[PDB]
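Q: What follows is structure.cif, made up of mmCIF, C-alpha atoms and all ligand atoms:
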```cif
data_work
loop_
_atom_site.label_atom_id
_atom_site.label_comp_id
_atom_site.auth_asym_id
_atom_site.auth_seq_id
_atom_site.Cartn_x
_atom_site.Cartn_y
_atom_site.Cartn_z
CA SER A 1 -29.74 28.79 15.96
CA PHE A 2 -26.81 26.64 14.81
CA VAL A 3 -29.10 24.24 12.90
CA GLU A 4 -29.16 26.85 10.12
CA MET A 5 -25.44 26.19 9.56
CA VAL A 6 -25.53 22.40 9.57
CA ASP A 7 -24.63 21.04 6.11
CA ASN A 8 -23.65 24.49 4.79
CA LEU A 9 -20.44 23.15 3.19
CA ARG A 10 -20.13 21.46 -0.19
CA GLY A 11 -17.24 20.38 -2.35
CA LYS A 12 -15.81 18.05 -4.94
CA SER A 13 -13.39 15.41 -3.64
CA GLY A 14 -9.84 16.74 -3.37
CA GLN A 15 -10.94 20.19 -4.54
CA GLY A 16 -11.68 21.82 -1.18
CA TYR A 17 -14.78 22.53 0.93
CA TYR A 18 -16.65 25.76 0.20
CA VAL A 19 -19.38 27.81 1.83
CA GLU A 20 -21.80 30.16 0.11
CA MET A 21 -21.25 33.86 0.81
CA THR A 22 -22.49 37.14 -0.60
CA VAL A 23 -20.40 40.27 -1.14
CA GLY A 24 -21.52 43.76 -2.09
CA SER A 25 -24.76 45.72 -2.41
CA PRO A 26 -26.80 44.28 -4.06
CA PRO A 27 -25.51 40.90 -2.80
CA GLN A 28 -23.32 38.96 -5.22
CA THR A 29 -23.32 35.22 -4.50
CA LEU A 30 -20.03 33.32 -4.57
CA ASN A 31 -18.80 29.97 -3.29
CA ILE A 32 -15.82 30.49 -1.00
CA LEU A 33 -13.23 27.87 -0.10
CA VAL A 34 -12.95 27.31 3.66
CA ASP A 35 -9.22 27.62 4.55
CA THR A 36 -7.84 27.45 8.09
CA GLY A 37 -4.33 27.49 6.55
CA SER A 38 -4.30 31.16 5.47
CA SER A 39 -5.74 34.49 6.52
CA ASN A 40 -6.80 36.48 3.43
CA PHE A 41 -10.35 36.77 2.14
CA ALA A 42 -10.01 36.89 -1.65
CA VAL A 43 -12.42 36.46 -4.57
CA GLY A 44 -12.19 36.16 -8.32
CA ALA A 45 -12.85 39.65 -9.66
CA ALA A 46 -12.01 39.20 -13.36
CA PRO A 47 -12.97 36.58 -15.95
CA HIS A 48 -11.09 33.29 -15.80
CA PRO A 49 -11.47 30.03 -17.76
CA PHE A 50 -12.28 28.16 -14.51
CA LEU A 51 -14.62 30.81 -13.04
CA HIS A 52 -18.33 30.67 -13.74
CA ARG A 53 -18.87 33.92 -11.83
CA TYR A 54 -16.79 36.56 -10.11
CA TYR A 55 -16.97 39.67 -7.97
CA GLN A 56 -17.88 42.81 -9.94
CA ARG A 57 -16.83 45.74 -7.78
CA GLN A 58 -18.41 48.25 -10.16
CA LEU A 59 -21.85 46.71 -9.48
CA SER A 60 -21.62 47.11 -5.68
CA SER A 61 -22.61 50.45 -4.20
CA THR A 62 -20.87 49.64 -0.89
CA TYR A 63 -17.44 48.81 -2.38
CA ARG A 64 -14.49 50.90 -1.21
CA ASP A 65 -11.10 50.86 -2.91
CA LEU A 66 -8.16 50.57 -0.54
CA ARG A 67 -5.72 51.71 -3.27
CA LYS A 68 -3.21 49.00 -2.35
CA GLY A 69 -2.11 45.88 -4.17
CA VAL A 70 -1.84 42.40 -2.68
CA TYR A 71 -0.50 38.99 -3.60
CA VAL A 72 -0.64 35.67 -1.76
CA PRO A 73 1.63 32.72 -2.62
CA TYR A 74 0.35 29.37 -1.30
CA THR A 75 2.26 26.06 -1.58
CA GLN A 76 1.83 25.92 -5.37
CA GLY A 77 -0.86 28.37 -6.48
CA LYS A 78 -0.84 32.11 -6.15
CA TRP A 79 -2.93 35.12 -7.02
CA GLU A 80 -2.56 38.87 -7.02
CA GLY A 81 -5.20 41.52 -6.81
CA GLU A 82 -6.45 44.80 -5.42
CA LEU A 83 -7.48 45.39 -1.81
CA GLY A 84 -10.87 46.86 -0.95
CA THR A 85 -13.71 46.51 1.50
CA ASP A 86 -17.34 45.59 1.02
CA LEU A 87 -20.27 44.19 2.96
CA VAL A 88 -20.20 40.40 3.37
CA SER A 89 -22.83 37.90 4.53
CA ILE A 90 -23.09 34.14 4.87
CA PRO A 91 -26.62 33.01 3.89
CA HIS A 92 -26.34 29.72 5.82
CA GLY A 93 -24.45 31.40 8.61
CA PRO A 94 -25.29 33.90 11.33
CA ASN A 95 -27.75 36.63 10.38
CA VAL A 96 -25.15 39.40 10.28
CA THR A 97 -23.41 41.60 7.73
CA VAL A 98 -19.81 42.71 8.12
CA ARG A 99 -17.60 45.14 6.27
CA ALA A 100 -14.58 43.00 5.48
CA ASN A 101 -11.28 43.30 3.71
CA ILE A 102 -11.54 41.66 0.30
CA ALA A 103 -8.73 40.96 -2.13
CA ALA A 104 -10.20 41.30 -5.63
CA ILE A 105 -8.22 38.74 -7.63
CA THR A 106 -7.20 40.06 -11.06
CA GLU A 107 -4.49 37.52 -12.01
CA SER A 108 -3.69 34.05 -10.75
CA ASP A 109 -1.45 31.07 -11.45
CA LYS A 110 -2.57 27.52 -10.60
CA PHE A 111 -4.93 28.90 -7.96
CA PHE A 112 -8.45 28.34 -9.31
CA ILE A 113 -9.35 24.70 -9.98
CA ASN A 114 -11.30 23.55 -13.03
CA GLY A 115 -14.68 22.31 -11.81
CA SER A 116 -14.13 23.06 -8.11
CA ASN A 117 -17.26 25.29 -8.05
CA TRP A 118 -15.60 27.87 -5.77
CA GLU A 119 -14.65 31.39 -6.81
CA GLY A 120 -12.80 32.72 -3.76
CA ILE A 121 -11.05 31.79 -0.54
CA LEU A 122 -11.81 32.51 3.12
CA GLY A 123 -8.59 32.46 5.11
CA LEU A 124 -9.63 31.72 8.69
CA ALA A 125 -6.22 31.84 10.39
CA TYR A 126 -4.71 34.82 12.18
CA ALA A 127 -3.52 38.22 10.98
CA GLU A 128 0.15 37.34 11.56
CA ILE A 129 0.19 35.41 8.25
CA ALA A 130 -2.06 37.79 6.33
CA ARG A 131 -0.69 39.51 3.21
CA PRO A 132 0.60 42.09 2.57
CA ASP A 133 1.08 42.24 6.37
CA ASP A 134 -0.68 41.67 9.68
CA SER A 135 -2.48 45.02 9.61
CA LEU A 136 -4.93 43.60 7.04
CA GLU A 137 -7.65 42.39 9.42
CA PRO A 138 -8.83 38.86 8.48
CA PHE A 139 -12.51 38.19 7.89
CA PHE A 140 -13.21 36.32 11.12
CA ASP A 141 -11.57 39.07 13.16
CA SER A 142 -13.83 41.60 11.41
CA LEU A 143 -16.86 39.38 12.06
CA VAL A 144 -16.09 39.11 15.77
CA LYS A 145 -15.32 42.82 16.18
CA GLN A 146 -18.44 44.11 14.42
CA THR A 147 -21.07 41.64 15.74
CA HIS A 148 -21.98 39.55 18.77
CA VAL A 149 -20.81 36.32 17.08
CA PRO A 150 -18.58 34.52 19.63
CA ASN A 151 -14.89 34.14 18.77
CA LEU A 152 -14.94 30.53 17.67
CA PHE A 153 -16.02 28.33 14.81
CA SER A 154 -16.15 24.59 14.23
CA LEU A 155 -15.67 22.44 11.15
CA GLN A 156 -17.26 19.07 10.43
CA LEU A 157 -15.75 17.93 7.14
CA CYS A 158 -17.51 14.83 5.80
CA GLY A 159 -15.85 12.62 3.22
CA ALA A 160 -17.20 11.10 0.02
CA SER A 161 -19.41 14.79 -3.92
CA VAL A 162 -18.53 15.95 -0.36
CA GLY A 163 -20.33 17.96 2.31
CA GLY A 164 -19.92 19.32 5.79
CA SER A 165 -20.75 22.03 8.31
CA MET A 166 -19.04 25.22 9.38
CA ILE A 167 -20.65 26.35 12.63
CA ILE A 168 -19.79 30.04 12.96
CA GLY A 169 -19.85 31.23 16.55
CA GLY A 170 -20.29 27.99 18.42
CA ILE A 171 -20.38 24.24 18.82
CA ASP A 172 -23.30 22.12 17.61
CA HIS A 173 -23.57 19.09 19.87
CA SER A 174 -25.59 17.07 17.37
CA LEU A 175 -22.53 16.95 15.09
CA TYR A 176 -20.30 14.79 17.28
CA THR A 177 -20.29 11.91 19.75
CA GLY A 178 -18.24 11.35 22.88
CA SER A 179 -16.08 14.04 24.47
CA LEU A 180 -14.29 17.01 22.95
CA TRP A 181 -10.54 16.90 23.60
CA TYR A 182 -8.65 20.20 23.42
CA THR A 183 -5.05 20.96 22.46
CA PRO A 184 -3.53 24.44 22.99
CA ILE A 185 -3.09 26.73 20.03
CA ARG A 186 0.65 27.19 20.40
CA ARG A 187 0.84 30.58 18.64
CA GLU A 188 -1.83 32.62 16.87
CA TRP A 189 -0.58 32.65 13.31
CA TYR A 190 -1.39 29.35 11.69
CA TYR A 191 -3.56 27.15 13.91
CA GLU A 192 -0.34 25.73 15.36
CA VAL A 193 -0.47 22.70 17.68
CA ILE A 194 2.08 20.35 19.26
CA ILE A 195 2.17 16.64 18.39
CA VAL A 196 3.76 14.76 21.29
CA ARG A 197 3.70 11.13 20.12
CA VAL A 198 3.00 9.14 16.95
CA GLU A 199 1.99 5.47 16.83
CA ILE A 200 1.27 3.22 13.86
CA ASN A 201 -0.89 0.16 14.60
CA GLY A 202 -0.06 0.85 18.25
CA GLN A 203 3.72 0.89 17.77
CA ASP A 204 5.44 4.11 18.80
CA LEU A 205 7.55 5.62 16.02
CA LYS A 206 9.98 6.42 18.88
CA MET A 207 11.40 9.60 17.35
CA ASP A 208 12.40 12.72 19.20
CA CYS A 209 9.02 14.42 19.47
CA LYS A 210 10.61 17.61 18.10
CA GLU A 211 10.76 15.81 14.75
CA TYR A 212 6.94 15.70 14.68
CA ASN A 213 6.77 19.50 14.92
CA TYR A 214 9.79 20.47 12.80
CA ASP A 215 9.35 23.25 12.09
CA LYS A 216 5.67 23.52 13.03
CA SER A 217 2.46 21.48 13.14
CA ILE A 218 -0.78 23.02 11.92
CA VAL A 219 -4.44 22.22 11.22
CA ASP A 220 -5.22 23.21 7.59
CA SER A 221 -8.62 22.54 6.03
CA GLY A 222 -7.22 24.08 2.82
CA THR A 223 -4.67 21.30 2.27
CA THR A 224 -5.90 17.82 1.39
CA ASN A 225 -3.16 15.53 2.70
CA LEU A 226 -1.53 14.65 5.95
CA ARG A 227 1.89 16.17 5.28
CA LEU A 228 4.81 15.05 7.41
CA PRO A 229 8.39 16.29 7.87
CA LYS A 230 10.95 14.30 5.88
CA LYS A 231 12.23 12.15 8.73
CA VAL A 232 8.72 11.47 10.05
CA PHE A 233 7.39 10.81 6.55
CA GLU A 234 10.11 8.23 5.87
CA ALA A 235 9.53 6.48 9.21
CA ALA A 236 5.76 6.39 8.61
CA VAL A 237 5.99 5.12 5.03
CA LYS A 238 8.44 2.42 6.08
CA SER A 239 6.02 1.27 8.76
CA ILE A 240 3.00 1.44 6.43
CA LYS A 241 4.92 -0.45 3.73
CA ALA A 242 5.85 -3.19 6.19
CA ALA A 243 2.23 -3.59 7.32
CA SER A 244 0.95 -3.87 3.73
CA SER A 245 3.91 -5.88 2.35
CA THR A 246 1.68 -8.84 1.44
CA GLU A 247 0.62 -6.67 -1.51
CA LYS A 248 2.93 -4.91 -3.93
CA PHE A 249 2.59 -1.32 -5.10
CA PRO A 250 4.44 0.91 -7.54
CA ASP A 251 6.80 3.12 -5.55
CA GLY A 252 5.34 6.13 -7.33
CA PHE A 253 2.24 5.28 -5.32
CA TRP A 254 4.10 6.11 -2.09
CA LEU A 255 5.09 9.46 -3.65
CA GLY A 256 1.42 10.24 -4.32
CA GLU A 257 1.62 9.99 -8.14
CA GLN A 258 0.41 6.52 -9.13
CA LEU A 259 -2.97 5.32 -7.90
CA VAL A 260 -3.47 1.68 -6.86
CA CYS A 261 -6.61 -0.29 -7.72
CA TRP A 262 -8.45 -3.40 -6.53
CA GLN A 263 -11.56 -5.19 -7.76
CA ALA A 264 -14.57 -3.15 -6.62
CA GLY A 265 -15.24 -4.07 -3.00
CA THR A 266 -12.06 -6.09 -2.42
CA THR A 267 -9.87 -3.23 -1.12
CA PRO A 268 -7.72 -4.87 1.63
CA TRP A 269 -8.32 -2.20 4.28
CA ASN A 270 -7.09 -4.57 7.00
CA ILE A 271 -3.46 -4.49 5.81
CA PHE A 272 -3.17 -0.72 6.13
CA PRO A 273 -2.39 0.45 9.68
CA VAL A 274 -4.11 3.03 11.82
CA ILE A 275 -2.11 6.15 12.71
CA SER A 276 -2.51 7.73 16.13
CA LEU A 277 -1.46 11.36 16.64
CA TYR A 278 -1.09 12.39 20.28
CA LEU A 279 -1.68 16.10 20.89
CA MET A 280 -0.66 18.18 23.88
CA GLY A 281 -3.57 18.42 26.30
CA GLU A 282 -4.98 21.15 28.54
CA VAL A 283 -3.44 20.01 31.88
CA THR A 284 0.12 19.27 32.99
CA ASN A 285 1.64 16.09 31.55
CA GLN A 286 -1.66 15.24 29.80
CA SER A 287 -2.26 14.52 26.13
CA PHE A 288 -4.95 12.81 24.05
CA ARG A 289 -4.84 10.91 20.78
CA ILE A 290 -6.73 10.97 17.54
CA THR A 291 -6.66 7.80 15.50
CA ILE A 292 -6.68 7.96 11.70
CA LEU A 293 -8.00 5.01 9.60
CA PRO A 294 -6.55 4.03 6.19
CA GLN A 295 -9.81 5.16 4.61
CA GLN A 296 -8.63 8.67 5.49
CA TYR A 297 -5.13 8.48 4.06
CA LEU A 298 -6.09 6.35 1.02
CA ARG A 299 -8.15 8.88 -0.85
CA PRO A 300 -10.52 7.47 -3.50
CA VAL A 301 -9.95 8.75 -7.04
CA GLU A 302 -12.02 8.10 -10.16
CA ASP A 303 -10.39 5.40 -12.28
CA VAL A 304 -9.23 6.82 -15.61
CA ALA A 305 -9.59 3.34 -17.16
CA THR A 306 -12.91 1.91 -18.35
CA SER A 307 -12.84 -0.49 -15.39
CA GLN A 308 -14.99 0.61 -12.46
CA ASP A 309 -12.68 -0.64 -9.74
CA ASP A 310 -11.70 0.97 -6.46
CA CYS A 311 -8.63 3.15 -7.01
CA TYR A 312 -6.85 5.23 -4.39
CA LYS A 313 -4.13 7.82 -4.00
CA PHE A 314 -1.77 7.74 -1.03
CA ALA A 315 -2.74 10.96 0.82
CA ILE A 316 0.33 11.28 3.06
CA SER A 317 2.98 13.58 1.59
CA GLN A 318 6.49 14.59 2.50
CA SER A 319 6.82 18.15 3.77
CA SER A 320 9.70 20.57 4.28
CA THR A 321 7.56 23.09 6.22
CA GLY A 322 6.36 20.95 9.13
CA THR A 323 3.36 18.74 9.80
CA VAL A 324 0.08 19.61 8.10
CA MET A 325 -3.06 17.98 9.48
CA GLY A 326 -5.03 18.46 6.27
CA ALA A 327 -8.64 17.88 5.33
CA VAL A 328 -8.26 14.09 5.18
CA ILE A 329 -7.20 14.14 8.83
CA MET A 330 -10.05 16.48 9.80
CA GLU A 331 -12.66 14.38 8.00
CA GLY A 332 -14.58 12.22 10.42
CA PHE A 333 -13.64 14.53 13.31
CA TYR A 334 -15.54 17.50 14.60
CA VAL A 335 -12.87 20.20 14.96
CA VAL A 336 -13.53 23.22 17.16
CA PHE A 337 -11.31 26.26 16.52
CA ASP A 338 -11.83 27.88 19.92
CA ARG A 339 -9.97 31.13 19.31
CA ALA A 340 -11.39 32.74 22.46
CA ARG A 341 -9.70 30.12 24.64
CA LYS A 342 -6.70 29.55 22.32
CA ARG A 343 -7.49 25.89 21.85
CA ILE A 344 -8.55 23.41 19.19
CA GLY A 345 -11.02 20.64 20.11
CA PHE A 346 -11.39 17.23 18.50
CA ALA A 347 -14.31 14.84 18.73
CA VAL A 348 -15.53 11.87 16.73
CA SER A 349 -17.81 13.30 14.05
CA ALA A 350 -21.40 12.23 13.48
CA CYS A 351 -20.25 11.62 9.86
CA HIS A 352 -17.44 9.31 10.82
CA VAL A 353 -15.42 7.03 8.53
CA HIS A 354 -16.53 3.38 8.54
CA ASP A 355 -14.06 0.51 8.71
CA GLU A 356 -15.34 -2.98 9.42
CA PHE A 357 -13.39 -3.79 12.58
CA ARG A 358 -11.77 -0.43 13.42
CA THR A 359 -13.02 3.03 14.28
CA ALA A 360 -11.57 6.52 14.22
CA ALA A 361 -11.33 7.75 17.78
CA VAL A 362 -10.42 10.66 20.03
CA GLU A 363 -9.26 9.20 23.32
CA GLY A 364 -7.86 10.46 26.57
CA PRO A 365 -6.49 11.27 28.94
CA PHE A 366 -2.92 10.10 28.38
CA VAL A 367 0.11 11.02 30.44
CA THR A 368 3.09 12.37 28.50
CA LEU A 369 6.10 13.82 30.26
CA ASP A 370 8.09 16.82 29.02
CA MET A 371 5.52 17.83 26.39
CA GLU A 372 7.07 21.33 26.28
CA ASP A 373 10.20 19.79 24.72
CA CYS A 374 8.23 18.71 21.65
CA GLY A 375 7.81 22.22 20.26
CA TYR A 376 10.46 23.35 17.80
CA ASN A 377 12.28 26.66 18.33
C1 LIG B 401 0.83 18.91 -1.08
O1 LIG B 401 0.65 20.34 -1.04
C2 LIG B 401 -0.02 20.81 -2.19
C3 LIG B 401 -1.34 21.45 -1.82
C4 LIG B 401 -2.52 20.70 -1.85
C5 LIG B 401 -3.74 21.28 -1.52
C6 LIG B 401 -3.78 22.62 -1.14
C7 LIG B 401 -2.60 23.36 -1.07
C8 LIG B 401 -1.39 22.77 -1.43
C9 LIG B 401 -2.60 24.79 -0.65
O2 LIG B 401 -1.67 25.54 -0.95
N1 LIG B 401 -3.64 25.20 0.08
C10 LIG B 401 -3.82 26.57 0.53
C11 LIG B 401 -3.58 26.70 2.03
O3 LIG B 401 -3.76 28.06 2.41
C12 LIG B 401 -2.15 26.25 2.36
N2 LIG B 401 -1.82 26.55 3.76
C13 LIG B 401 -0.37 26.50 4.03
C14 LIG B 401 0.37 27.69 3.47
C15 LIG B 401 1.41 27.45 2.58
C16 LIG B 401 2.10 28.50 2.02
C17 LIG B 401 1.76 29.80 2.33
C18 LIG B 401 0.72 30.07 3.21
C19 LIG B 401 0.34 31.51 3.53
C20 LIG B 401 -0.61 32.07 2.47
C21 LIG B 401 -0.29 31.66 4.91
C22 LIG B 401 0.03 29.00 3.77
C23 LIG B 401 0.03 26.34 5.48
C24 LIG B 401 0.10 25.14 4.57
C25 LIG B 401 -5.25 27.03 0.19
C26 LIG B 401 -5.58 26.75 -1.26
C27 LIG B 401 -5.11 27.58 -2.27
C28 LIG B 401 -5.40 27.31 -3.60
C29 LIG B 401 -6.16 26.20 -3.94
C30 LIG B 401 -6.62 25.37 -2.94
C31 LIG B 401 -6.33 25.62 -1.61
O4 LIG B 401 -7.34 24.30 -3.39
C32 LIG B 401 -8.02 23.47 -2.42
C33 LIG B 401 -8.06 22.08 -3.01
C34 LIG B 401 -6.69 21.41 -3.04
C35 LIG B 401 -6.22 21.10 -1.59
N3 LIG B 401 -4.90 20.52 -1.57
#
```
Can the structure from this file be put into structure tokens for me?
Ligand SMILES: COCc1cc2cc(c1)C(=O)N[C@H]([C@H](O)CNC1(c3cccc(C(C)C)c3)CC1)Cc1cccc(c1)OCCCCN2

A:
Amino acid sequence: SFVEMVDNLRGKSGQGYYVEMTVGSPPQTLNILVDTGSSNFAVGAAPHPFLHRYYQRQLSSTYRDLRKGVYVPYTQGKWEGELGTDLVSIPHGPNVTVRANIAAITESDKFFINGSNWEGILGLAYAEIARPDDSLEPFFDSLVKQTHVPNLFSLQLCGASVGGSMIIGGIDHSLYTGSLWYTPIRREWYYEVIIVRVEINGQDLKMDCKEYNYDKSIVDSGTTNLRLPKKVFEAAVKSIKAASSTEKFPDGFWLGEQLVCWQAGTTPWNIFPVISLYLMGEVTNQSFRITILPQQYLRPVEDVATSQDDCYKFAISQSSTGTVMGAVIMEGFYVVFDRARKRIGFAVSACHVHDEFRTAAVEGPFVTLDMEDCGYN
């Protein structure tokens, strides 16, 4: 019955993927951002300039007040609100209803996005990073406890405004080609993984593999960019600059501020390298790689000028909190969050990114010695 969940995600480019949900009795419909990088289910519950609708607890006969406050600070945005429970359903999801913890957002700062069309957030990661603490059961944990939905979900994020699928409770084989390759979930808090090797246009960055995971590496559908630790970011930018040196860019482009443009259809994709991330595999001394095309890390942005050219933002950012495999990495892959077996699977998506001579890929097996040494402690 997974066909009912195909294409159940929508979004505007750079503004997050959201799924339709209902909360309360009678059901109140809200669009909910899909976020594997946090663990709180929270919804707008008060008027806001950027909200077209919000959760009205007074109108729901099944609402229960938990008489506890809550706040969540993300990288830049944050909200605070009031904890409660209510009945929750996903119209284009499994035919179930769960009583879930809900943070009713009453104030926020740089959290809601003008025009994003979503009014709440579904944190899909584990309780360990839930606020105020890990006793607040996350939505997916509630779903799995109260129903027969299997303990896994899969995300097919399709690029560009944008669409995709969140398959709740399983894997839909019509959404990917080739084989699924699995990497262990290192620890159940974020969806933490271990990167064991990085290549750019086939050239190994040749860093201590601990640098790739300093201080963690995670899969985060709620963050747009590939975000890399300082040392890795500098090595990668230097290599990407060298490969594209025939053209000149503002250096604020490499910081993610200035967008670069070319005459519509003349974008020189061939001068930007492919990036291969090798992930720890399921068996001893075995890894696999995913290969990222420049069409993933050069994100298209609407040109502010009257010219209708092709303009792009550099979607690789420097991080001080580890590697983030964000939505632009996930796009074009089918990503299986197999919580029951503590693993994350990658396969080439049915909605894959199209280069002329190159293709995004998930390939294995590879042999990599001492993979355990790549995790940071
Ligand atoms: C370059 O960095 C800026 C940046 C860009 C983006 C998202 C975040 C940060 C963002 O903050 N993302 C968090 C995720 O939950 C973030 N997940 C992380 C995180 C970071 C800090 C604290 C927490 C805890 C709440 C678990 C989690 C692990 C990385 C979820 C989120 C919150 C608010 C608005 C969002 C997304 O909009 C989605 C569209 C924009 C996506 N790009």

Q: I'd like the contact shell of segment 261-266 of chain A - 9 Å cut-off, all atoms listed in the file, skipping same-chain residues fewer than 4 positions apart - returned as a PDB file with C-alpha atoms, keeping the file's coordinate frame.

A:
```pdb
ATOM      1  CA  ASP A 303     -10.390   5.400 -12.280  1.00  0.00           C
ATOM      2  CA  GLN A 308     -14.990   0.610 -12.460  1.00  0.00           C
ATOM      3  CA  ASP A 309     -12.680  -0.640  -9.740  1.00  0.00           C
ATOM      4  CA  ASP A 310     -11.700   0.970  -6.460  1.00  0.00           C
ATOM      5  CA  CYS A 311      -8.630   3.150  -7.010  1.00  0.00           C
ATOM      6  CA  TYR A 312      -6.850   5.230  -4.390  1.00  0.00           C
TER       7      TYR A 312
END
```

Q: Show me which residues sit within 6 Å of ligand LIG 401 (chain B) when counting all atoms listed in the file, and put them as a PyMOL selection string.

A: chain A and resi 14-16+35+37-38+72-77+111+129+222-224

Q: So which one's closest to residue 93 of chain A, A:5, A:144, A:279, A:298? Using all atoms listed in the file, please.

A: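 Result for the nearest residue to residue 93 of chain A: A:5.
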
Q: Can you tell me, as JSON, numbers by chain, which residues sit within 12 Å of (-2.9, 10.4, 22.4) in the file's frame, using all atoms listed in the file?

A: {"A": [181, 182, 183, 194, 195, 196, 197, 198, 199, 200, 202, 204, 275, 276, 277, 278, 279, 280, 281, 285, 286, 287, 288, 289, 290, 291, 292, 346, 361, 362, 363, 364, 365, 366, 367, 368, 371]}

Q: As an exercise, work out the distance from atom CA of residue 153 of chain A to atom CA of residue 325 of chain A in Å and give it to one decimal place.

A: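 A separation of 17.4 Å between them.
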
Q: Kindly give the distance, in Å, that separates atom CA of residue 339 of chain A and atom CA of residue 147 of chain A, rounded to a single decimal.

A: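 Taking atom CA of residue 339 of chain A and atom CA of residue 147 of chain A, their separation equals 15.7 Å.
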
Q: Separation of atom CA of residue 294 of chain A and atom CA of residue 317 of chain A, in Å?

A: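 Going from atom CA of residue 294 of chain A over to atom CA of residue 317 of chain A covers 14.3 Å.
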
Q: Could you tell me which of A:178, A:170, A:252, A:322 comes closest to residue 338 of chain A if we count all atoms listed in the file?

A: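 Residue with the minimum atom-to-atom distance to residue 338 of chain A: A:170.
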
Q: Here is a test: counting all atoms listed in the file, which residue of A:6, A:374, A:335, A:70 is nearest to residue 208 of chain A?

A: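 Residue with the minimum atom-to-atom distance to residue 208 of chain A: A:374.
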
Q: Here is a test: counting all atoms listed in the file, which residue of A:218, A:330, A:175, A:42 is nearest to residue 138 of chain A?

A: A:42

Q: I want to know what sits within 7 Å of segment 50-62 of chain A, based on all atoms listed in the file, with residues of the same chain fewer than 2 positions away left out; could you give that as a VMD selection string?

A: chain A and resid 24 to 26 28 43 to 48 64 86 to 87 112 to 115 119

Q: I need the chosen residues saved as a PDB file, in the coordinates of the input, with C-alpha atoms.

A:
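result-v8.pdb, written as the output of this step:
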```
ATOM      1  CA  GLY A  24     -21.520  43.760  -2.090  1.00  0.00           C
ATOM      2  CA  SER A  25     -24.760  45.720  -2.410  1.00  0.00           C
ATOM      3  CA  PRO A  26     -26.800  44.280  -4.060  1.00  0.00           C
ATOM      4  CA  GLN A  28     -23.320  38.960  -5.220  1.00  0.00           C
ATOM      5  CA  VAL A  43     -12.420  36.460  -4.570  1.00  0.00           C
ATOM      6  CA  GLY A  44     -12.190  36.160  -8.320  1.00  0.00           C
ATOM      7  CA  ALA A  45     -12.850  39.650  -9.660  1.00  0.00           C
ATOM      8  CA  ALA A  46     -12.010  39.200 -13.360  1.00  0.00           C
ATOM      9  CA  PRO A  47     -12.970  36.580 -15.950  1.00  0.00           C
ATOM     10  CA  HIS A  48     -11.090  33.290 -15.800  1.00  0.00           C
ATOM     11  CA  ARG A  64     -14.490  50.900  -1.210  1.00  0.00           C
ATOM     12  CA  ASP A  86     -17.340  45.590   1.020  1.00  0.00           C
ATOM     13  CA  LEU A  87     -20.270  44.190   2.960  1.00  0.00           C
ATOM     14  CA  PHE A 112      -8.450  28.340  -9.310  1.00  0.00           C
ATOM     15  CA  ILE A 113      -9.350  24.700  -9.980  1.00  0.00           C
ATOM     16  CA  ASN A 114     -11.300  23.550 -13.030  1.00  0.00           C
ATOM     17  CA  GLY A 115     -14.680  22.310 -11.810  1.00  0.00           C
ATOM     18  CA  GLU A 119     -14.650  31.390  -6.810  1.00  0.00           C
TER      19      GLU A 119
END
```

Q: May I ask which of the residues A:349, A:269, A:186, A:214 is the closest one to residue 247 of chain A, counting only C-alpha atoms?

A: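 Among the listed residues, the smallest separation from residue 247 of chain A belongs to A:269.
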
Q: Of the candidates A:136, A:4, A:13, A:345, which shows the shortest atom-to-atom distance to residue 299 of chain A, using only C-alpha atoms?

A: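 Of the candidates, the smallest distance to residue 299 of chain A is held by A:13.
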
Q: Would you compute an axis-aligned box for segment 26-33 of chain A, covering every atom listed for it in the file with 6 Å of margin on each side, and report centre and edge lengths in Å to one decimal as lines of an AutoDock Vina configuration file?

A:
```
center_x = -20.0
center_y = 36.1
center_z = -2.7
size_x = 25.6
size_y = 28.4
size_z = 17.1
```

Q: Using all atoms listed in the file, which residues sit within 10 Å of residue 157 of chain A once same-chain residues fewer than 2 positions away are excluded, as an MDAnalysis selection string?

A: chainID A and resid 7 9:11 17 154:155 159:160 162:166 221 327:335 349 351:352

Q: Residues within 6 Å of (-14.9, 27.7, 0.6), file coordinates, counting only C-alpha atoms: what are they? Give the list as a PyMOL selection string.

A: chain A and resi 17-19+31-34+121
